[PDB]
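Residue numbers start from 1 in every chain, and the chains themselves are labelled A, B, ... in the order their sequence lines are given, proteins ahead of strands.
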2 protein chains.
Amino acid sequence: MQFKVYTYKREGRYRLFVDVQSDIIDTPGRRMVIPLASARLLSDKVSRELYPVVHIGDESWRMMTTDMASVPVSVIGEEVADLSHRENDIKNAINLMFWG
Amino acid sequence: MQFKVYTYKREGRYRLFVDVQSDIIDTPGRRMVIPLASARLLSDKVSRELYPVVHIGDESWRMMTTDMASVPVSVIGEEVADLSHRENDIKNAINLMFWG
Ligand SMILES: [Cl-]
Ligand SMILES: [Cl-]
Ligand SMILES: [Cl-]
Ligand SMILES: [Cl-]
């Protein structure tokens, strides 16, 4: 569901993603997602406009906007958070990536 | 470069992609891309708004908008075409995917 945050069931670079596909856009068996990376190590100067900072599980995370990818529904795990309250910064970051 | 079409150097689901990242958005070593699939078999009723039909190498191709992904520059092959003349339908398809 748009702006809900889930765990990957499968091993990869990242452990969380935010679903960014519209809820009225039907892709049977897949969703378009932006992975989240722990900010803990991630460099502070990195653009917050292109890479928003979000708060999940009492820690800071970077939205890895430029690692956006489709995930099959088979690998979508537990829903862990909702980022709909960050819709503005998510929209701004995606629109910057394509249209600057 | 935004809206240029390239071959993948590596085997995968698709053989071509269109670069859709802004030219003023710097992701060292990667670009955001939408793969192209031969329309030849692809079903005619499929939304042309979400999945535009483009013409390359004297054949029709479907822009697989919902398979958008980052590709490392190491796997970017020859530039084969330019789709900047389809910027309007590409923009419309991406904006529909996220914002309907
Ligand atoms: Cl991480
Ligand atoms: Cl937040
Ligand atoms: Cl194909
Ligand atoms: Cl065309």
Side-chain angles (χ1 to χ4, degrees), chain A residues 1-6 8 12 14-27 30-39 46-56 60-73 76 79-100, chain B residues 1-4 17-36 47 49-52 63-72 83-84 86-100:
Chain A
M1 171 173 195
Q2 201 177 38
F3 305 131
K4 296 302 184 77
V5 178
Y6 310 81
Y8 295 96
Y14 307 111
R15 287 169 287 140
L16 294 176
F17 64 82
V18 60
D19 182 323
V20 295
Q21 187 170 320
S22 159
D23 297 331
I24 62 148
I25 296 296
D26 192 355
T27 51
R30 335 179 55 74
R31 295 292 290 174
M32 188 61 54
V33 318
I34 294 177
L36 307 177
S38 158
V46 169
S47 180
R48 283 167 301 93
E49 287 75 38
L50 186 53
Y51 304 104
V53 172
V54 298
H55 300 99
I56 300 166
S60 286
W61 304 75
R62 281 271 196 175
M63 197 180 70
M64 300 314 299
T65 310
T66 55
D67 279 284
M68 179 167 50
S70 166
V71 305
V73 298
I76 305 187
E79 180 168 307
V80 298
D82 185 357
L83 293 180
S84 72
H85 62 294
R86 299 301 297 275
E87 180 264 25
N88 189 235
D89 290 330
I90 291 171
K91 195 157 151 114
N92 285 346
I94 290 168
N95 289 344
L96 185 66
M97 175 161 58
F98 300 114
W99 320 121
Chain B
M1 171 173 195
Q2 201 177 38
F3 305 131
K4 296 302 184 77
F17 64 82
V18 60
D19 182 323
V20 295
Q21 187 170 320
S22 159
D23 297 331
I24 62 148
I25 296 296
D26 192 355
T27 51
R30 335 179 55 74
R31 295 292 290 174
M32 188 61 54
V33 318
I34 294 177
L36 307 177
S47 180
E49 287 75 38
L50 186 53
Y51 304 104
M63 197 180 70
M64 300 314 299
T65 310
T66 55
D67 279 284
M68 179 167 50
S70 166
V71 305
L83 293 180
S84 72
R86 299 301 297 275
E87 180 264 25
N88 189 235
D89 290 330
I90 291 171
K91 195 157 151 114
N92 285 346
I94 290 168
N95 289 344
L96 185 66
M97 175 161 58
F98 300 114
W99 320 121

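- Atom CE of A/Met97 sits about 9.5 Å away from atom CG of A/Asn95, to the nearest 0.5 Å.
- Of the inter-residue distances, the one linking B/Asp67 atom CG with A/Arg30 atom CZ reads 5.5 Å to the nearest 0.5 angstrom.
- In terms of heavy atoms, A/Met63 sits closest to A/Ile34 at CG-CG2, 3.1 Å.
- Taken to the nearest 0.5 Å, the CZ atom of A/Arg15 stands 4.0 Å off from the CH2 atom of A/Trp61.
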Residues A/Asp82, A/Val5; criterion side-chain contact (heavy atoms from CB on, under 4.5 Å); working and verdict = CA-CA 6 Å; A/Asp82 185 357; A/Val5 178; over 6 Å; no
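- A donor-acceptor contact shorter than 3.5 Å links the side chain of A/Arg86 to the backbone of A/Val53.
- Rounded to the nearest 0.5 angstrom, A/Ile76 CD1 and A/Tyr8 OH are separated by 9.5 Å.
- To the nearest 0.5 Å, atoms OG (A/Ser70) and CE (A/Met32) are separated by 5.0 Å.
- No side-chain heavy atom of B/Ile94 sits less than 4.5 Å from a side-chain heavy atom of B/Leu96.
- For the atom pair B/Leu36 CG and B/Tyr51 OH, the distance stands at 13.5 Å (nearest 0.5 Å).
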Check against side-chain contact (heavy atoms from CB on, under 4.5 Å), B/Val33 and B/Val20 = CA-CA 5 Å; B/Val33 318; B/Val20 295; 5.7 Å; no
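- Between the side chain of B/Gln21 and the main chain of B/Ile25, a donor-acceptor pair closer than 3.5 Å is present.
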query = Should B/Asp26 and B/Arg31 be marked as a salt bridge (charged side-chain N to carboxylate O under 4.0 Å, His left out) after you check the CA-CA gap, both sets of side-chain angles, and the distance that decides it?
reply = CA-CA 9 Å; B/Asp26 192 355; B/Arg31 295 292 290 174; over 6 Å; no
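- Counting only N and O atoms by type, the side chains of A/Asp19 and A/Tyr6 include no donor and acceptor under 3.5 Å apart.
- No side-chain donor-acceptor contact under 3.5 Å links B/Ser22 and B/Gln2.
- A donor-acceptor contact shorter than 3.5 Å is absent between the side chain of A/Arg62 and the backbone of A/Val54.
- The minimum heavy-atom distance between B/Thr65 and B/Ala93, with the atom names listed, is CG2-O, 3.8 Å.
- Closest heavy-atom contact between A/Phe98 and B/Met68: CZ-SD, 3.4 Å.
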